[PDB]
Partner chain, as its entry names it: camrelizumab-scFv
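What follows is one chain in structure tokens, specifically the form deposited without its partner chain.
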């Protein structure tokens, strides 16, 4: 497995707007999960959303969405109604579920949410 890529490296939006990063990941045949994390400011990496949508736990209402685009390689990681407090760093992490369980992370990207 190759690590995903996460773009753009810097996204600047105005408070109230949506913000969308693109995670690109080219899978093996094998099952995988793609997690979107907020990395700072941090307690630890905080998982925001995942692909596939998690069915191991009850659903959770969220401003954060991960969608697979019809090309299958690209995924949108979106925030709705971005707040100043959403400013920080983010990454996407691919988890291979077979044959060996491993996680490979993208480089970080920064979200800057500016005052209206």
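Residue numbers count along the first chain shown, from 1.
Mind pulling up the entry and telling me whether 67-75 or 40-48 has the higher mean Cα temperature factor? Here the higher of the two C-alpha B-factor means belongs to 40-48.
Going by the mean C-alpha B-factor recorded in the entry, which is higher: 99-107 or 20-28? That would be 99-107.
Residue with highest C-alpha B-factor in the PDB entry, from 57, 35, 85, 89: The C-alpha B-factor peaks, among 57, 35, 85, 89, at 57.
The next section is about a form of this same protein that is not shown, the form deposited with its partner chain bound.
Find out whether any non-hydrogen atom of residue 73 is located within 4.5 angstroms of its partner chain in the deposited bound form, and reply yes or no. Result yes; residue 73 sits at the interface with its partner chain in the deposited bound form.
Consider residue 80 of the chain shown here, and say whether it contacts its partner chain in the deposited bound form, taking contact as heavy atoms within 4.5 Å. Residue 80 lies outside the contact set for its partner chain.
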